[PDB]
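For reference, the structure discussed in these notes is given below.
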Amino acid sequence: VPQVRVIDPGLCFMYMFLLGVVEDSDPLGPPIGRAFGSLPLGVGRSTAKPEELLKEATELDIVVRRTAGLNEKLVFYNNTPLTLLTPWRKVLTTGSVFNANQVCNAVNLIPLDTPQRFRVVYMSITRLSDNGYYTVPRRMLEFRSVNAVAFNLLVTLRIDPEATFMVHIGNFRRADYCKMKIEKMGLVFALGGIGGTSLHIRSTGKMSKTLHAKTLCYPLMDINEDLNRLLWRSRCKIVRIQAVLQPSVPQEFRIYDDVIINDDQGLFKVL
Amino acid sequence: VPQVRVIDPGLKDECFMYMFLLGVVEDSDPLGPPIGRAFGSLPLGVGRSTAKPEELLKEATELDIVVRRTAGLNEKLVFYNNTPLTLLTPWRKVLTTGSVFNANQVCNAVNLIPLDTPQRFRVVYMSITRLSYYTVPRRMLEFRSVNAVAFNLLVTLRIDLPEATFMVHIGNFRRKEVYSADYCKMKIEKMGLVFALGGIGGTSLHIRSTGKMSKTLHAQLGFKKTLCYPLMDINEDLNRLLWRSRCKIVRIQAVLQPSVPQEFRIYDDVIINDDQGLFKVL
């Protein structure tokens with residue numbers, strides 16, 4: 001039965017994410033389910049009831065086409081004229097391409113010789129305030145520097161079992177003083193549904209010229225796509241955040257050990 | 001029990017070979033048990049060696065390799081070795097300097113590797129691929145062009161029985177006129193594509209065009225260049241699933257598709273099944 005969930009991290013606009021079944025659409029054969037997948041639609045303004053947006057999404061005729069680039073890809077495009085979902089018409093009518101392993105549990109099972117549809121079965125809406133969200137650019141997150149210390153976080157979620165994931169905040173040039181500096185940042189955390197499951201961080205306090213990091217979104221789709229697929233239709237809660245200071249460049253992992261900081265001085269606030 | 005496999009795609013007497021290890025990420029503190037956290041891999045790269053595979057395996061199993069979980073854009077695993085080398089000296093750059101990998105490409109469950117306990121990579125299996133490698137750059141494979149036709153391949157493997165398919169992107173060509181089913185089939189046949197499996201990153205596809213290359217196809221298939229397509233890049237999840245299994249190519253189909261997503265609505269896929277010997281499998 002289709003269901004809708006509204007998530008408000010709380011740190012008009014709303015990010016819409018659909019979950020559904022990739023299945024055969026030829027009316028001469030059965031609608032055989034090939035894979036379970038997702039369709040991130042992005043941000044858009046809407047004052048419609050979530051149950052009304054869900055009802056329209058379930059009535060859409062969405063086509064899935066498997067293709068390749070560097071890796072397996074899925075192209076999604078819609079055939080049904082829109083009414084309440086007109087804020088997301090750019091993605092639905094222009095069509096979009098995704099990394100298949102990020103939006104699909106088994107792309108290798110989707111056939112090329114038989115037309116496919118994406119039967120929407122579930123919707124997730126994340127309430128926002130800027131008409132989008134801010135993410136750290138890929139080049140900044142992937143950058144490694146000699147004689148630097150990476151400020152990372154190990155976040156533990158309780159799945160309503162536990163699951164952990166690591167986040168990279170930034171780097172600093174190379175003790176109890178670090179625990180106080182992190183407290184001075186005034187970091188606040190919340191979960192969202194950007195790409196399935198996402199972490200939202202906002203620094204309410206003071207920062208010493210970070211330049212990498214006012215609210216950052218860290219979608220689990222980018223951090224660990226496999227775990228993100230596993231948590232697609234589950235309620236999550238942050239139950240622990242630990243700071244993990246580590247070396248940046250791999251040749252320095254031999255020289256410098258990790259320093260794990262546990263929150264005992266109001267370092268991190270979870271909403 | 002540790003085992004070693006030698007794979008020869010067969011597409012030189014210089015003894016160049018790619019080494020790839022499989023093993024268990026486990027607790028290394030001697031005060032606690034060696035609890036297995038995750039199964040993973042360690043691609044070591046290319047190196048010259050005339051040592052027996054069983055001798056290279058024996059040395060690899062004796063190495064003290066440290067695993068350190070970390071983050072960037074995504075979950076990472078850093079591997080570095082503590083044991084002095086003898087036969088594995090050709091792979092000393094990766095082993096001594098240390099290397100970082102995308103955890104989902106070299107590990108089945110990175111979220112299960114703890115940060116509060118030292119970790120080790122206990123080598124349990126080795127895979128050597130004999131070489132005479134070249135890969136298409138990421139920017140070329142990911143590039144999408146308006147009014148273009150992507151020349152892709154759907155490869156089916158039999159896991160020695162169950163099957164698995166994967167798609168490969170060869171190159172793009174301008175959309176003109178409509179090429180017939182027999183015209184494109186004839187052009188593909190003229191390329192003389194030859195295929196073989198290797199072990200680059202676990203499982204890999206090796207393509208060589210022995211015939212004449214199309215003057216209209218924008219691809220990196222040179223006159224006598226062997227392109228390597230590691231399944232680690234194509235479908236990292238399927239590549240992990242096939243880590244310790246024998247594979248065989250049982251079907252190759254050409255799939256001509258549009259390039260930009262807005263053209264999937266307008267143009268359909270054209271599947272060209274292998275008859276006439278478009279694709280030779282070794």
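Residue numbering restarts at 1 for every chain of the structure tokens, chains are lettered A, B, ... in their displayed order, and ligands are numbered from 1 as they appear.
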
Set the distance at 10 Å and use only C-alpha atoms: which residues neighbour region 45-55 of chain B once local chain neighbours fewer than 4 positions away are removed? I'd like the list as a compact mmCIF listing (two decimals) with C-alpha atoms, in the first residue's frame.
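To be explicit, this is the file written out as around07.txt:
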# COMPACT_ATOMS: atom_id res chain seq x y z
CA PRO B 2 44.54 -19.67 1.19
CA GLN B 3 44.37 -20.25 -2.61
CA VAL B 4 45.86 -18.54 -5.71
CA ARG B 5 44.41 -18.22 -9.22
CA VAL B 6 46.25 -17.12 -12.40
CA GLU B 14 58.12 -9.41 -19.94
CA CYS B 15 56.22 -11.16 -17.07
CA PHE B 16 54.03 -8.14 -16.20
CA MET B 17 51.11 -9.07 -13.91
CA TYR B 18 48.37 -7.44 -11.84
CA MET B 19 48.05 -8.66 -8.25
CA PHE B 20 44.77 -8.64 -6.35
CA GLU B 59 54.51 -14.44 1.26
CA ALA B 60 51.23 -12.44 0.95
CA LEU B 87 59.19 -11.68 -3.66
CA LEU B 88 56.53 -8.93 -3.37
CA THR B 89 59.10 -6.14 -3.93
CA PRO B 90 57.52 -5.20 -7.37
CA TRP B 91 54.36 -4.14 -5.41
CA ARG B 92 56.32 -2.23 -2.68
CA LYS B 93 54.95 1.18 -3.79
CA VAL B 94 51.37 0.32 -2.74
CA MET B 126 45.32 -14.14 -4.40
CA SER B 127 44.42 -13.52 -8.03
CA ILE B 128 47.14 -12.79 -10.64
CA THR B 129 46.27 -11.49 -14.16
CA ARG B 130 49.04 -11.96 -16.76
CA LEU B 131 49.59 -8.86 -18.96
CA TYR B 133 47.06 -1.90 -18.80
CA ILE B 200 41.69 -6.33 -12.63
CA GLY B 201 39.93 -5.25 -9.40

Interface residues on chain A facing chain B, 7 Å, only C-alpha atoms, written as a PDB file with C-alpha atoms, in the first residue's frame:
ATOM      1  CA  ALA A  68      25.972   2.959 -19.102  1.00  0.00           C
ATOM      2  CA  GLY A  69      28.713   5.608 -18.732  1.00  0.00           C
ATOM      3  CA  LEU A  70      31.628   5.041 -16.347  1.00  0.00           C
ATOM      4  CA  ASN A  71      29.106   2.853 -14.457  1.00  0.00           C
ATOM      5  CA  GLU A  72      25.558   1.407 -14.671  1.00  0.00           C
ATOM      6  CA  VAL A  75      17.297   7.155 -16.882  1.00  0.00           C
ATOM      7  CA  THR A  94      13.210  16.653 -19.068  1.00  0.00           C
ATOM      8  CA  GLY A  95      14.253  13.238 -17.733  1.00  0.00           C
ATOM      9  CA  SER A  96      17.249  12.465 -15.534  1.00  0.00           C
ATOM     10  CA  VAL A  97      20.161  10.052 -15.291  1.00  0.00           C
ATOM     11  CA  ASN A 108      21.828  -6.116 -13.404  1.00  0.00           C
ATOM     12  CA  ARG A 138      33.275  16.844  -4.105  1.00  0.00           C
ATOM     13  CA  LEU A 141      35.794  16.581   0.534  1.00  0.00           C
ATOM     14  CA  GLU A 142      38.237  14.420  -1.497  1.00  0.00           C
ATOM     15  CA  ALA A 163      24.483   1.448  11.707  1.00  0.00           C
ATOM     16  CA  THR A 164      27.472   3.808  11.646  1.00  0.00           C
ATOM     17  CA  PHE A 165      28.777   6.187   8.980  1.00  0.00           C
ATOM     18  CA  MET A 166      31.705   8.603   8.749  1.00  0.00           C
ATOM     19  CA  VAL A 167      31.484  12.258   7.708  1.00  0.00           C
ATOM     20  CA  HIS A 168      34.409  14.512   6.681  1.00  0.00           C
ATOM     21  CA  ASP A 222      27.200   9.824  -1.356  1.00  0.00           C
ATOM     22  CA  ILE A 223      28.802   8.494   1.876  1.00  0.00           C
ATOM     23  CA  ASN A 224      27.724   4.855   1.650  1.00  0.00           C
ATOM     24  CA  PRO A 250      47.585   7.654   3.392  1.00  0.00           C
ATOM     25  CA  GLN A 251      51.383   7.583   4.049  1.00  0.00           C
TER      26      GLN A 251
END

Requested in this report: Do a neighbour search on residue 26 (chain B) at 8 Å with only C-alpha atoms, toss out local chain neighbours closer than 5 positions, and write the hits as a VMD selection string.
Outcome: chain B and resid 34 to 38 119 to 122

For the selection you just gave me, I'd like the residues written to a file as an mmCIF file, in the first residue's frame, keeping C-alpha atoms.
data_model
loop_
_atom_site.group_PDB
_atom_site.id
_atom_site.type_symbol
_atom_site.label_atom_id
_atom_site.label_comp_id
_atom_site.auth_asym_id
_atom_site.auth_seq_id
_atom_site.Cartn_x
_atom_site.Cartn_y
_atom_site.Cartn_z
ATOM 1 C CA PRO B 34 40.517 -11.869 15.999
ATOM 2 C CA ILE B 35 36.837 -11.109 15.305
ATOM 3 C CA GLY B 36 36.017 -10.876 11.600
ATOM 4 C CA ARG B 37 34.342 -7.534 10.817
ATOM 5 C CA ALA B 38 34.172 -7.511 7.017
ATOM 6 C CA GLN B 119 42.302 -3.690 12.297
ATOM 7 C CA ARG B 120 44.242 -6.132 10.111
ATOM 8 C CA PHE B 121 43.709 -7.484 6.586
ATOM 9 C CA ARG B 122 44.303 -11.239 6.835
#

Query - Backbone-only DSSP, strand (DSSP E or B) members of region 72-180 of chain A, as a count of residues only - result: 49

**Report entry** Residues within 8 Å of residue 243 (chain B), only C-alpha atoms, excluding chain neighbours under 6 positions, as a VMD selection string
**Finding:** chain B and resid 22 202 to 203

Please report, as JSON lines, each residue of region 127-181 of chain A lying at most 12 Å from region 263-271 of chain A, together with the nearest pair of atoms and the separation in Å rounded to one decimal; use only C-alpha atoms, and order rows by chain and ascending residue number.
{"residue": "A:153", "atom": "CA", "partner": "A:268", "partner_atom": "CA", "distance": 10.5}
{"residue": "A:154", "atom": "CA", "partner": "A:263", "partner_atom": "CA", "distance": 11.6}
{"residue": "A:155", "atom": "CA", "partner": "A:268", "partner_atom": "CA", "distance": 11.0}
{"residue": "A:156", "atom": "CA", "partner": "A:270", "partner_atom": "CA", "distance": 11.8}
{"residue": "A:157", "atom": "CA", "partner": "A:270", "partner_atom": "CA", "distance": 11.7}
{"residue": "A:176", "atom": "CA", "partner": "A:265", "partner_atom": "CA", "distance": 11.1}
{"residue": "A:178", "atom": "CA", "partner": "A:267", "partner_atom": "CA", "distance": 10.7}
{"residue": "A:179", "atom": "CA", "partner": "A:267", "partner_atom": "CA", "distance": 7.6}
{"residue": "A:180", "atom": "CA", "partner": "A:267", "partner_atom": "CA", "distance": 8.0}
{"residue": "A:181", "atom": "CA", "partner": "A:267", "partner_atom": "CA", "distance": 9.1}

**Report entry** Among the residues A:73, A:214, A:235, A:90, the one that comes closest to residue 201 (chain A) [using only C-alpha atoms]
**Finding:** A:214

Query raised in the report: In terms of the shortest atom-to-atom distance over only C-alpha atoms, which of A:4, A:106, A:253, A:217 is closest to residue 229 (chain A)?
Result: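 Selected residue with least distance to residue 229 (chain A): A:106.
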
Can you pull out the residues contacting region 185-196 of chain B? Cut-off 10 Å, using only C-alpha atoms, and skip same-chain residues under 2 positions away; I want them as a PDB file with N, CA and C atoms, in the first residue's frame.
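Written out: result.pdb:
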ATOM      1  N   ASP B   8      44.748 -15.543 -17.522  1.00  0.00           N
ATOM      2  CA  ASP B   8      45.440 -14.994 -18.679  1.00  0.00           C
ATOM      3  C   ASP B   8      44.398 -14.604 -19.734  1.00  0.00           C
ATOM      4  N   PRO B   9      44.046 -13.306 -19.876  1.00  0.00           N
ATOM      5  CA  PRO B   9      43.075 -12.925 -20.923  1.00  0.00           C
ATOM      6  C   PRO B   9      43.519 -13.378 -22.328  1.00  0.00           C
ATOM      7  N   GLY B  10      44.804 -13.202 -22.629  1.00  0.00           N
ATOM      8  CA  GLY B  10      45.396 -13.658 -23.878  1.00  0.00           C
ATOM      9  C   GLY B  10      45.054 -12.850 -25.112  1.00  0.00           C
ATOM     10  N   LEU B  11      45.015 -11.507 -24.998  1.00  0.00           N
ATOM     11  CA  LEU B  11      44.737 -10.630 -26.145  1.00  0.00           C
ATOM     12  C   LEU B  11      46.034 -10.010 -26.682  1.00  0.00           C
ATOM     13  N   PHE B 151      27.303   3.783 -28.242  1.00  0.00           N
ATOM     14  CA  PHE B 151      27.536   2.394 -28.600  1.00  0.00           C
ATOM     15  C   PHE B 151      27.904   1.677 -27.315  1.00  0.00           C
ATOM     16  N   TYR B 179      20.512   4.321 -39.803  1.00  0.00           N
ATOM     17  CA  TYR B 179      21.296   3.126 -40.114  1.00  0.00           C
ATOM     18  C   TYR B 179      20.424   1.894 -39.907  1.00  0.00           C
ATOM     19  N   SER B 180      20.401   0.987 -40.896  1.00  0.00           N
ATOM     20  CA  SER B 180      19.621  -0.251 -40.822  1.00  0.00           C
ATOM     21  C   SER B 180      20.190  -1.194 -39.739  1.00  0.00           C
ATOM     22  N   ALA B 181      19.462  -2.281 -39.428  1.00  0.00           N
ATOM     23  CA  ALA B 181      19.941  -3.270 -38.466  1.00  0.00           C
ATOM     24  C   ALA B 181      21.179  -3.964 -39.047  1.00  0.00           C
ATOM     25  N   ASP B 182      21.152  -4.307 -40.353  1.00  0.00           N
ATOM     26  CA  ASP B 182      22.282  -4.942 -41.028  1.00  0.00           C
ATOM     27  C   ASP B 182      23.449  -3.980 -41.297  1.00  0.00           C
ATOM     28  N   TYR B 183      23.224  -2.646 -41.373  1.00  0.00           N
ATOM     29  CA  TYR B 183      24.327  -1.702 -41.619  1.00  0.00           C
ATOM     30  C   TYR B 183      25.201  -1.531 -40.378  1.00  0.00           C
ATOM     31  N   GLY B 198      39.492 -10.897 -17.210  1.00  0.00           N
ATOM     32  CA  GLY B 198      40.684 -10.779 -16.382  1.00  0.00           C
ATOM     33  C   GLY B 198      40.276 -10.632 -14.928  1.00  0.00           C
ATOM     34  N   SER B 204      37.217  -8.301 -14.589  1.00  0.00           N
ATOM     35  CA  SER B 204      37.367  -7.229 -15.571  1.00  0.00           C
ATOM     36  C   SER B 204      37.173  -7.735 -17.003  1.00  0.00           C
ATOM     37  N   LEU B 205      36.701  -6.860 -17.883  1.00  0.00           N
ATOM     38  CA  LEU B 205      36.497  -7.188 -19.285  1.00  0.00           C
ATOM     39  C   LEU B 205      37.623  -6.521 -20.084  1.00  0.00           C
ATOM     40  N   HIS B 206      38.248  -7.262 -20.989  1.00  0.00           N
ATOM     41  CA  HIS B 206      39.333  -6.763 -21.816  1.00  0.00           C
ATOM     42  C   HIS B 206      38.854  -6.830 -23.266  1.00  0.00           C
ATOM     43  N   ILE B 207      38.906  -5.695 -23.991  1.00  0.00           N
ATOM     44  CA  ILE B 207      38.444  -5.593 -25.379  1.00  0.00           C
ATOM     45  C   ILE B 207      39.612  -5.153 -26.256  1.00  0.00           C
ATOM     46  N   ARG B 208      39.763  -5.759 -27.436  1.00  0.00           N
ATOM     47  CA  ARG B 208      40.788  -5.382 -28.404  1.00  0.00           C
ATOM     48  C   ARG B 208      40.133  -5.369 -29.781  1.00  0.00           C
ATOM     49  N   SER B 209      40.297  -4.290 -30.560  1.00  0.00           N
ATOM     50  CA  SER B 209      39.749  -4.219 -31.918  1.00  0.00           C
ATOM     51  C   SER B 209      40.834  -4.643 -32.913  1.00  0.00           C
ATOM     52  N   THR B 210      40.744  -5.866 -33.436  1.00  0.00           N
ATOM     53  CA  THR B 210      41.713  -6.385 -34.400  1.00  0.00           C
ATOM     54  C   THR B 210      41.483  -5.839 -35.828  1.00  0.00           C
ATOM     55  N   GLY B 211      40.230  -5.540 -36.176  1.00  0.00           N
ATOM     56  CA  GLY B 211      39.871  -5.034 -37.497  1.00  0.00           C
ATOM     57  C   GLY B 211      40.062  -3.541 -37.668  1.00  0.00           C
ATOM     58  N   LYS B 212      39.266  -2.933 -38.574  1.00  0.00           N
ATOM     59  CA  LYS B 212      39.341  -1.505 -38.889  1.00  0.00           C
ATOM     60  C   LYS B 212      38.358  -0.693 -38.038  1.00  0.00           C
ATOM     61  N   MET B 213      38.853   0.422 -37.486  1.00  0.00           N
ATOM     62  CA  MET B 213      38.064   1.284 -36.617  1.00  0.00           C
ATOM     63  C   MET B 213      37.268   2.278 -37.448  1.00  0.00           C
ATOM     64  N   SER B 214      36.021   2.496 -37.041  1.00  0.00           N
ATOM     65  CA  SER B 214      35.093   3.403 -37.704  1.00  0.00           C
ATOM     66  C   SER B 214      35.600   4.846 -37.646  1.00  0.00           C
ATOM     67  N   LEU B 221      39.320   3.115 -28.722  1.00  0.00           N
ATOM     68  CA  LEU B 221      39.723   1.796 -29.210  1.00  0.00           C
ATOM     69  C   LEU B 221      40.749   2.024 -30.321  1.00  0.00           C
ATOM     70  N   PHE B 223      44.218   1.144 -32.806  1.00  0.00           N
ATOM     71  CA  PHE B 223      44.550   0.052 -33.723  1.00  0.00           C
ATOM     72  C   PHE B 223      44.915  -1.262 -32.990  1.00  0.00           C
ATOM     73  N   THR B 226      44.519  -2.639 -26.001  1.00  0.00           N
ATOM     74  CA  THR B 226      43.577  -3.473 -25.262  1.00  0.00           C
ATOM     75  C   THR B 226      42.974  -2.627 -24.157  1.00  0.00           C
ATOM     76  N   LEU B 227      41.662  -2.365 -24.226  1.00  0.00           N
ATOM     77  CA  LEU B 227      40.978  -1.586 -23.208  1.00  0.00           C
ATOM     78  C   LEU B 227      40.549  -2.487 -22.081  1.00  0.00           C
ATOM     79  N   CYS B 228      40.807  -2.064 -20.851  1.00  0.00           N
ATOM     80  CA  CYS B 228      40.387  -2.790 -19.675  1.00  0.00           C
ATOM     81  C   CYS B 228      39.182  -2.066 -19.074  1.00  0.00           C
ATOM     82  N   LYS B 248      32.574 -16.720 -16.916  1.00  0.00           N
ATOM     83  CA  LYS B 248      32.716 -16.984 -18.339  1.00  0.00           C
ATOM     84  C   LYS B 248      31.742 -16.090 -19.096  1.00  0.00           C
ATOM     85  N   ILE B 249      32.181 -15.454 -20.191  1.00  0.00           N
ATOM     86  CA  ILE B 249      31.284 -14.640 -21.001  1.00  0.00           C
ATOM     87  C   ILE B 249      30.483 -15.617 -21.838  1.00  0.00           C
ATOM     88  N   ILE B 252      27.130 -11.475 -25.587  1.00  0.00           N
ATOM     89  CA  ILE B 252      27.466 -10.062 -25.751  1.00  0.00           C
ATOM     90  C   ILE B 252      26.487  -9.533 -26.774  1.00  0.00           C
ATOM     91  N   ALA B 254      25.002  -5.835 -28.572  1.00  0.00           N
ATOM     92  CA  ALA B 254      25.275  -4.422 -28.782  1.00  0.00           C
ATOM     93  C   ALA B 254      23.964  -3.687 -28.472  1.00  0.00           C
ATOM     94  N   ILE B 272      21.394  -5.395 -30.888  1.00  0.00           N
ATOM     95  CA  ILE B 272      21.963  -6.172 -31.983  1.00  0.00           C
ATOM     96  C   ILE B 272      22.558  -7.433 -31.363  1.00  0.00           C
ATOM     97  N   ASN B 273      21.890  -8.573 -31.559  1.00  0.00           N
ATOM     98  CA  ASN B 273      22.337  -9.851 -31.011  1.00  0.00           C
ATOM     99  C   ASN B 273      23.499 -10.426 -31.821  1.00  0.00           C
ATOM    100  N   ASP B 274      24.458 -11.064 -31.127  1.00  0.00           N
ATOM    101  CA  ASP B 274      25.653 -11.603 -31.766  1.00  0.00           C
ATOM    102  C   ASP B 274      25.429 -12.862 -32.602  1.00  0.00           C
ATOM    103  N   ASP B 275      25.313 -12.635 -33.902  1.00  0.00           N
ATOM    104  CA  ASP B 275      25.320 -13.607 -34.995  1.00  0.00           C
ATOM    105  C   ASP B 275      26.321 -12.988 -36.025  1.00  0.00           C
ATOM    106  N   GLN B 276      26.889 -13.770 -36.964  1.00  0.00           N
ATOM    107  CA  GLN B 276      27.907 -13.219 -37.892  1.00  0.00           C
ATOM    108  C   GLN B 276      29.291 -13.030 -37.210  1.00  0.00           C
ATOM    109  N   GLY B 277      29.398 -13.255 -35.898  1.00  0.00           N
ATOM    110  CA  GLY B 277      30.658 -13.111 -35.190  1.00  0.00           C
ATOM    111  C   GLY B 277      31.098 -11.678 -35.101  1.00  0.00           C
ATOM    112  N   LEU B 278      30.245 -10.875 -34.498  1.00  0.00           N
ATOM    113  CA  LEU B 278      30.551  -9.482 -34.260  1.00  0.00           C
ATOM    114  C   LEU B 278      31.589  -9.385 -33.145  1.00  0.00           C
ATOM    115  N   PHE B 279      31.469 -10.271 -32.118  1.00  0.00           N
ATOM    116  CA  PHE B 279      32.283 -10.309 -30.907  1.00  0.00           C
ATOM    117  C   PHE B 279      32.893 -11.706 -30.726  1.00  0.00           C
ATOM    118  N   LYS B 280      34.229 -11.806 -30.720  1.00  0.00           N
ATOM    119  CA  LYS B 280      34.937 -13.071 -30.535  1.00  0.00           C
ATOM    120  C   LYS B 280      35.291 -13.156 -29.056  1.00  0.00           C
ATOM    121  N   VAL B 281      34.974 -14.276 -28.397  1.00  0.00           N
ATOM    122  CA  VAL B 281      35.252 -14.476 -26.975  1.00  0.00           C
ATOM    123  C   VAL B 281      36.362 -15.515 -26.830  1.00  0.00           C
ATOM    124  N   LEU B 282      37.453 -15.167 -26.132  1.00  0.00           N
ATOM    125  CA  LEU B 282      38.577 -16.081 -25.917  1.00  0.00           C
ATOM    126  C   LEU B 282      38.437 -16.763 -24.564  1.00  0.00           C
TER     127      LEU B 282
END

Requested in this report: Please provide the set of residues having any atom within 8 Å of residue 245 (chain A), restricted to only C-alpha atoms, with same-chain residues fewer than 3 positions apart removed, written as a PyMOL selection string.
Outcome: chain A and resi 149-152+258-260

Query raised in the report: For residue 114 (chain A), which residue out of A:146, A:236, A:84, A:32 is the nearest one, using only C-alpha atoms?
Result: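 The closest residue to residue 114 (chain A) is A:32.
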
Query - Non-local contacts of residue 216 (chain A) (6 Å; only C-alpha atoms; under 5 positions in same chain excluded) as an NGL selection string - result: :A and (134-135 or 200-201)

**Report entry** Which of A:2, A:100, A:81, A:40 sits closest to residue 52 (chain A) [using only C-alpha atoms]
**Finding:**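 The closest residue to residue 52 (chain A) is A:2.
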
Report task. Assign secondary structure with DSSP using the backbone only, and return the residues of region 56-239 of chain B in helix (DSSP H, G or I) as a VMD selection string. Result -> chain B and resid 56 to 61 89 to 97 103 to 106 110 to 112 138 to 142 181 to 191 231 to 234 236 to 239
